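We begin with a single chain expressed as structure tokens, specifically the form deposited in one PDB entry.
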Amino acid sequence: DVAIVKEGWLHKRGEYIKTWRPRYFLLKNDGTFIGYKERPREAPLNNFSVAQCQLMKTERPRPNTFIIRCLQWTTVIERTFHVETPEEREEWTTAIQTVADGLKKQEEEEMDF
């Protein structure tokens, strides 16, 4: 069964309006990444799988930004996040990458040969 890998507050940049808002996110080891206006039902404001996604780091316009990029059909999806320190960013990007890598291993076990 599915377990929480990491949860906590992130600053998420809006997709239409590129302002930053605080969101409480939970990452689960099936790849679910779900974000709420408040600490958790009430529907989440964000809900997407990190499976088959890529992580990017950037420092502009905000230092300690990371981006999750998912290529899906024709669309590539980007979800942009900020935290207050580079150590905090590494906690999140390591957690997400580890979950994605677990799922990639599983995919390879299914597809190959």
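Don't overthink the numbering: it's just position in the shown sequence, from 1. The term rigid core refers to the most C-alpha atoms you can superpose between the two forms while keeping them within 1.5 Å.
FYI, the form deposited with a small molecule bound isn't displayed, but the following is about it.
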Check your understanding: Given that the partner is absent here, does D101 sit within 4.5 Å of the small molecule in the deposited complex, heavy atoms only?
Key -> no
Review point. Does at least one non-hydrogen atom of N46 fall within 4.5 angstroms of the small molecule in the deposited complex?
Key: yes
Check your understanding: Would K12 sit within 4.5 Å of the small molecule in the deposited complex, counting heavy atoms only?
Key -> yes
**Study point:** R23: touches the small molecule in the deposited complex, heavy atom cutoff 4.5 angstroms
**Key:** yes
**Study point:** Position with Cα shift of 2 Å or more, rigid core superposed between the shown form and the other one, options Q72, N29, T58, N46
**Key:** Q72
